[PDB]
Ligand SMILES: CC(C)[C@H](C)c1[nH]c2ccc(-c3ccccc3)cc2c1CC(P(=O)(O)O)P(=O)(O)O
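As structure tokens, one chain now follows by itself in the form deposited without this ligand.
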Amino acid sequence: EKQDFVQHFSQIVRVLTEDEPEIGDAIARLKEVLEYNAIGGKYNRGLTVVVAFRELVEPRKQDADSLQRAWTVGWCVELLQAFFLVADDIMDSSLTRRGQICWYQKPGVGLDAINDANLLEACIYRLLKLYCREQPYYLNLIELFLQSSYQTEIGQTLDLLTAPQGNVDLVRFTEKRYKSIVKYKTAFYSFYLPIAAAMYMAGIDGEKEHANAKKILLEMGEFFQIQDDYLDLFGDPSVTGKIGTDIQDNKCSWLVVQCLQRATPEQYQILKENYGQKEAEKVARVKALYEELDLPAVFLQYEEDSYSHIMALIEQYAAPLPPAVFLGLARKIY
């Protein structure tokens, strides 16, 4: 299934590049931005649009063109992600992503990658218009993408407000605060977004149904960012494909929050003295305080308990949607 999704990408780059004449060099650059930046991940968020589309729509309405609209809106979720990651990797001062150097760390790109990210966002709406203009769900999708863009930028704002360069923020790191950040920066666009899109494509616009689906899916995304945080420090970088910067970027990590509520006063000071600084030996002290506190073990328990809780929420809130929508998702993330 991921094979057929990735092959559809060559067509979306054809249509996105078919505007060629005076703007020839800019189209080319956009091509190059698309290939470097949308390709290379797992495609879970975009495939999710398509998988749930097939589960929610009557197979007698799965026209070859309605299927193509589904492939395209899935790619739109991947361009959103790609827009946010490019910018995010500047702001976080990250080195690699998806096994290559962050695009803006490329000789000859640098801060021009701010335009480039902006262009990736613009492509969403060019795609929606080319494919979904005359569909009844056109405006609902535009509005969903825009709203999930806003929520994600609110989350980024808190993410950064909470993590100033060169400033001990330890007291700012609460669970309350952690949950607010990940709710907005991650849960909306990675989980609620692609399910909600498929739903509007299937003519399920009921407000209580999106709410119920959102109840489940926001908690899934909350787990997924907890996982992202854990793996920033403890993930095999030949697997994750990205070098981690949380500690040096002085971030409100699940890890630090959990550390802070188990640390002795002496341990608090090790963190105070060592967190949020670019010196490897400083980063190493924190990682070792985390390992001494048995945080990989705590993560593993939390992963078990969150899973049980998410499945209980599917029991409560999935109907009248097929549970398989939410269960295939949970399979993929846990």
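What we label the rigid core is the largest C-alpha set whose atoms superpose within 1.5 Å from one form to the other. All residue numbers are counted from 1 along the displayed sequence.
The same protein also exists as the form deposited with this ligand bound; that form is not shown, yet it is the one meant from here on.
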*282, 42, 29, 272: which sits within 4.5 Å of this ligand in the bound PDB entry by any heavy atom?*
42
_Can you work out which of 71, 131, 224, 103 has a heavy atom no more than 4.5 Å from this ligand in the bound PDB entry?_
224
*Should the three residues 191, 329 and 332 be counted as contacting this ligand in the bound PDB entry, with contact defined as a heavy atom within 4.5 Å for each?*
yes
*Among 45-53, 63-71, 285-293, 262-270, which stretch has residues whose heavy atoms lie within 4.5 Å of this ligand in the bound PDB entry?*
45-53
*Although this ligand is absent from this view, report whether residue 211 comes within 4.5 Å of it in the bound PDB entry, heavy atoms only.*
no
*asked:* Taking any heavy atom pair closer than or equal to 4.5 Å as contact, tell me whether residue 231 reaches this ligand in the bound PDB entry.
replied: yes
*Flag residue 171 as yes or no: does it have a non-hydrogen atom within 4.5 angstroms of any non-hydrogen atom of this ligand in the bound PDB entry?*
no
*Core fitted between the shown form and the other one: which of 162, 240, 72, 151 shows a C-alpha shift of 2 angstroms or more?*
240
*For residue 286, decide whether the Cα shift between the shown form and the other one is 2 Å or greater, given a superposition on the rigid core.*
yes
_So that I can tell if residue 305 moves, could you say whether its C-alpha shifts by at least 2 Å between the shown form and the other one after the core superposition?_
yes
*Core-aligned, is the CA shift for residue 212 between the shown form and the other one 2 angstroms or more?*
no
